[PDB]
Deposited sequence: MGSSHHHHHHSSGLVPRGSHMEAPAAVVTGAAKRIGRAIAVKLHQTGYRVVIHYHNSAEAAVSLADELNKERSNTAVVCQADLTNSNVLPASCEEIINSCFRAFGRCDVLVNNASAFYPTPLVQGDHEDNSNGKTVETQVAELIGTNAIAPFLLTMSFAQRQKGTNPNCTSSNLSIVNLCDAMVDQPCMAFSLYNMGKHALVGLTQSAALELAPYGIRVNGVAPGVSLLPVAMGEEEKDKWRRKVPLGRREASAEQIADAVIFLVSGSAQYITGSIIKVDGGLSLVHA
């Protein structure tokens, strides 16, 4: 039968593109979402119209808390309940907002930014391994070493995700599970973002002076889960048009 994948934060944008491209490759998919219920259901309907019984949605908040491990176990469980297997996990969901060093409480900021970007990936990785061409792909960030000003908590999360990618690649290799990352530079600028700000970001990218499409990011995910990546584990592929190479 067809293999199955879980994509977190898959209702919209890059997660959606990844879900779509996995589905087109022949995967059954769990579209995880938090708030974007309408987009998630609409996406599932469309994939199911294409091939019957090949998409389900699964709602979960991925903020850190004492119940986060159970929420992550349930996400993996939902893939098994729908499809009887879980071959691919894609950790895409992410909170991203400034937390200056010098309104959400700081405890909430910690829980959202660290939970979504790192702890949930860890717990989902745990549940995925425990339930078992298996692989996990973590959505990282090409700019981790030249971070956005005042984004310390977000940056800490993405750094933690690099650590998880390496530790899990090492530990899960004996089980045949590969763990890799895809690190976007600037990708899919919101149509609603101010045009002046869009231009500012695009002007920075050496390759084409434009942001990645969501499909370009998805392409690298597709490579990593494929038979063409069978010896690749612990690798993080930047997909950033050379943005990380530009000095101040």
Deposited seq positions with no alpha-carbon in the coordinates run 1-21, 124-132, 163-172
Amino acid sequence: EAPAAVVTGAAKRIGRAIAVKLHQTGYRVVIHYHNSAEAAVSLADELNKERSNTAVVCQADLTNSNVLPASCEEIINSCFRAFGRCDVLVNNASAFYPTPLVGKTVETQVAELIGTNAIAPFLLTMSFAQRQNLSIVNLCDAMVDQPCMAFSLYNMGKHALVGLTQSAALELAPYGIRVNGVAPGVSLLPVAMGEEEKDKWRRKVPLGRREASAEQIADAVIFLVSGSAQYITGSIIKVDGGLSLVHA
From here on, numbers count along this sequence of modelled residues.
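Here, rigid core means the biggest group of C-alpha atoms that superpose within 1.5 Å across both forms.
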Do the Cα atoms of 192-200 or those of 51-59 sit farther, on average, from the shown form in 9 other deposited structures of this protein after fitting on the core? 192-200
Greater Cα displacement in 9 other deposited structures of this protein once the core is superposed, comparing 42-50 with 183-191: 183-191
Comparing 186-194 with 45-53, which stretch shows the greater average C-alpha B-factor in the deposited entry? 186-194
Pick between 196-204 and 24-32: the one whose mean CA B-factor in the entry is higher. 196-204
When you compare the CA B-factors of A120, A169, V144, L161 as listed in the entry, which one comes out on top? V144
Between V102, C79, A111, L89, let me know which has the highest C-alpha B-factor in the entry? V102
Rank-wise, by C-alpha B-factor, drop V221 into the lowest, middle or highest third of its chain. middle
Give the position of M149 by CA B-factor within its chain, expressed as the lowest, middle or highest third. highest
Entry-reported C-alpha B-factor of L243 relative to its chain, by third, is middle
Going by what the PDB entry lists, where does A39 fall on CA B-factor within its chain: lowest, middle or highest third? highest
Chain-relative C-alpha B factor for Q132 (record values, thirds): the highest
